[PDB]
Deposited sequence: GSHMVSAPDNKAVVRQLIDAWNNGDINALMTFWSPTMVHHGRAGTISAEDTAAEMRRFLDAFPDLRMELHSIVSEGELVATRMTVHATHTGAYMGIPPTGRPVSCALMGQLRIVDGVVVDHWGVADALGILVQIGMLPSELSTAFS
């Protein structure tokens, strides 16, 4: 079971809408997905070692929902996102992440 292949398939599943493949692998995340439900993930780099896998990504989406009170603008966003995943037995068990939240506020007009 290659950790680095699980991640690359989780991103594929999310960007293509495969409920099942995304479930074979399993706060502020809801703020995003409520404000940017259409978000898409572009993987720039991936580092694996043991159960931990780390990613550099850009999130692409359109601002259709209220984000932290800012009303929806319709404008697309591109937000840098770095995360860490813990994969046990081929399924993600924990996740850490830092998104460029401030860079979103610039992109939409705040």
Open item on the list: Please give the gaps, as residue ranges numbered from 1 in the deposited sequence, where no C-alpha is present.
Closed with: 1-7, 34-52, 137-146
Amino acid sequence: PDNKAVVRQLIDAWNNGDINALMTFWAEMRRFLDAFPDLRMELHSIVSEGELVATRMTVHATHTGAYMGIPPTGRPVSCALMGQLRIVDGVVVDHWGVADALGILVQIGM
From here on, numbers count along this sequence of modelled residues.
Task: Of 55-63 and 28-36, the stretch whose C-alpha atoms average the higher B-factor in the entry - done: 28-36
Task: Per the entry, higher mean C-alpha B factor between 94-102 and 13-21 - done: 13-21
Task: Criterion, highest CA B-factor; candidates, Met82, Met68, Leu43, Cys79 - done: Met68
